[PDB]
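Per the deposited numbering, the sequence shown starts with residue 1, numbered consecutively.
The beta-carbon is built from N, C-alpha and C at its ideal position, and this holds for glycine as well.
For reference, the structure discussed in these notes is given below.
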Amino acid sequence: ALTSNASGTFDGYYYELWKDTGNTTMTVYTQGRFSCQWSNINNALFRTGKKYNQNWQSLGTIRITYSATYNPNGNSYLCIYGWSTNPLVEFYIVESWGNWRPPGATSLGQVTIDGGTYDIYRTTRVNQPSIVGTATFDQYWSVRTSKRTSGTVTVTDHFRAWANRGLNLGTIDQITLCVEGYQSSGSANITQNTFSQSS
């Protein structure tokens with residue numbers, strides 16, 4: 001299994017274990033499935049998905065049908081997670097979480113997507129880790145009003161919802177199903193992470 005920062009591809013899916021400090025373990029299976037557990041960490045992320053390198057406006061419709069056994073014991077998120085470049089943006093579509101509903105910022109409004117209600121948020125990170133090294137960038141968020149651990153997320157619908165509220169994206173680097181933890185412990189087993197892209 002993976003226990004230190006690592007990334008790669010398996011069965012057609014990009015995978016990555018990232019953490020600053022702490023005990024982490026991740027096992028990647030076929031079809032984007034993966035298991036992970038963490039403890040004594042500061043910040044850790046476990047994820048599998050697809051890379052794109054394409055402007056979000058031309059991706060058409062991207063839907064992710066996922067299923068997960070999610071058992072955080074503290075601060076944590078189960079989410080769709082990815083990056084954009086030009087501008088550099090780290091984005092989240094939070095489906096479930098631990099003891100704290102993220103992200104601790106002013107809501108920019110609510111929208112209904114895939115049958116669920118989500119609050120939209122913008123946050124900023126100064127000199128933090130990123131896909132291109134230490135950098136300062138914004139984060140865009142869609143956070144469900146209630147927890148869900150299985151279903152379908154029309155990622156491009158969130159992109160549009162964000163765009164309509166002034167949160168602009170550029171070239172999408174990657175889109176993934178991710179389990180994040182913050183100063184907590186927990187375990188999770190992603191049993192389905194299917195991508196569908198049509199125009």
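Residue i, buried or exposed, once every other Cβ within 10 Å from all chains shown has been counted against 16
i, result
"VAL132", "exposed"
"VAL179", "buried"
"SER96", "buried"
"residue 249", "Within the shown structure, residues of the chain are numbered from 1 to 199, placing residue 249 beyond reach of any answer."
"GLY60", "exposed"
"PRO102", "buried"
"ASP157", "buried"
"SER199", "exposed"
C-alpha gap between residue i and residue j, whole angstroms
i, j, result
"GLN31", "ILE113", "25 angstroms"
"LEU17", "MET26", "7 angstroms"
"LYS50", "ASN40", "29 angstroms"
"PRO87", "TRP141", "15 angstroms"
"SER7", "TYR15", "5 angstroms"
"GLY166", "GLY109", "12 angstroms"
Short Cβ contact (9 angstroms threshold) for residue i with residue j
i, j, result
"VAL89", "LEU169", "yes"
"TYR92", "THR106", "no"
"residue 211", "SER35", "Since the displayed the chain opens at 1 and closes at 199, residue 211 lies outside it and no answer follows."
"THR21", "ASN55", "no"
"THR171", "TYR81", "no"
According to DSSP, residues forming a beta bridge with residue i
i, result
"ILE120", "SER142"
"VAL89", "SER84, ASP138"
Checklist line | Ordered list of alpha helix (DSSP H) runs contained in the segment 144–180, each at least 4 residues | finding: 155–163
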